[PDB]
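One chain is shown next in structure tokens, namely the form deposited in one PDB entry.
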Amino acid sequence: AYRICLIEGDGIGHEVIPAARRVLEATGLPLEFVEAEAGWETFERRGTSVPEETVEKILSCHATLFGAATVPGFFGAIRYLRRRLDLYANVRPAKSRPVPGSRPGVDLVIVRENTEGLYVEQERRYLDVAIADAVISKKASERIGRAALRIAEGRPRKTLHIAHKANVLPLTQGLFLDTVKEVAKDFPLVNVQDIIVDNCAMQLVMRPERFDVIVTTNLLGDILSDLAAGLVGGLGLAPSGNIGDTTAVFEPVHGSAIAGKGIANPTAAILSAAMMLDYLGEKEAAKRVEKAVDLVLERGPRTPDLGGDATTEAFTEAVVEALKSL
């Protein structure tokens, strides 16, 4: 059976992760769970955001699902995990959901590298001048390009756009662009197009339907993904994954927010669980989960963040029920 490590994290995480677990069990898949701790609240009790035991648990499982995160000695749990486990592929999908305030027809995935697994981009200040290093290496570019190509090859469109800034940064961005295009020769089935990041941002706003998979570098991926989230309902419903060569951690994009009341929308956590299923090779199960979520978002109840007043537990129940009817 699949071993899934569950980490609630802080605040709303305590509500959306158990919800995600519920939906996962509803799929009927042979699943096992291992609870672990991480985050600010874990720091206050353990002295560290990511206890050594947590890393061990993560490594003992096929995949990890993380809820949310919210001083000397403290460090970002997710940032630490990316570096410690070299989860180099940051995967952020943007898909139209049947919710008021969402552009229809949008269905893309943005892939960018999590650099710290290989190196930390250093900042330095000398008197009145501060300098930040933007680093691109052939190795890192080959890895993320191959990761993006595989993702595109597993999607209907078989289309990949390389969003770059080689026009103004020929050495760094050019190395990125050229390397991804080189790796692309190994994926003749994938249609690869190059696009300046600025133009990509404008086209995401004007006609996002144009994109399927987009691969880009660090700082650019961030803004493009947030721009895209703005088009389909905000970060509130956005799932994400951090995939390495041995394991992966999935989590909602938005912070830990409210909370405690039980009005947190578990959509992102559930869709992150769906991303995890896809990653594990259970694509059909992932599609059913996603469908069930859409059905509820469309007809079923709705949590506060979506105009409704339904509770996290109520919304989750509907999904479970809907999932069972599919």
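All residue numbers are counted from 1 along the displayed sequence.
Per the record, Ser60 and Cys61 are directly connected, as no deposited residue between them is missing from the model. Per the record, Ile263 and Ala264 are directly connected, as no deposited residue between them is missing from the model. Checked against the record, the higher mean CA B factor of 162 to 170 and 118 to 126 lies with 118 to 126.
According to the PDB record, 97 to 105 carries the higher mean C-alpha B-factor of the two stretches 231 to 239 and 97 to 105.
As recorded in the entry, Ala68 carries the highest CA temperature factor of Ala68, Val34, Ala273, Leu280. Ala322: CA B factor lies in the highest third for its chain, per the PDB record.
Sort the chain's modelled residues by C-alpha temperature factor and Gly244 lands in the lowest third, per the entry.
In the deposited entry, the Cα temperature factor of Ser137 sits in the bottom third of values across the chain's modelled residues. Sort the chain's modelled residues by C-alpha temperature factor and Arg146 lands in the lowest third, per the entry. Sorting the modelled residues of the chain by their CA temperature factor places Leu220 in the highest third.
What follows is about the form deposited in another entry, which we do not show.
Candidate list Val23, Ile214, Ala238, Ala38; rigid-part hinge between the shown form and the other one assigned to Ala238.
Expansion of the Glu153-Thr27 CA spacing by 3 Å or more is recorded in the other form, set against this form. Note on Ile78 and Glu121: their C-alpha atoms are nearer in the other form, a change of at least 3 Å from this conformation.
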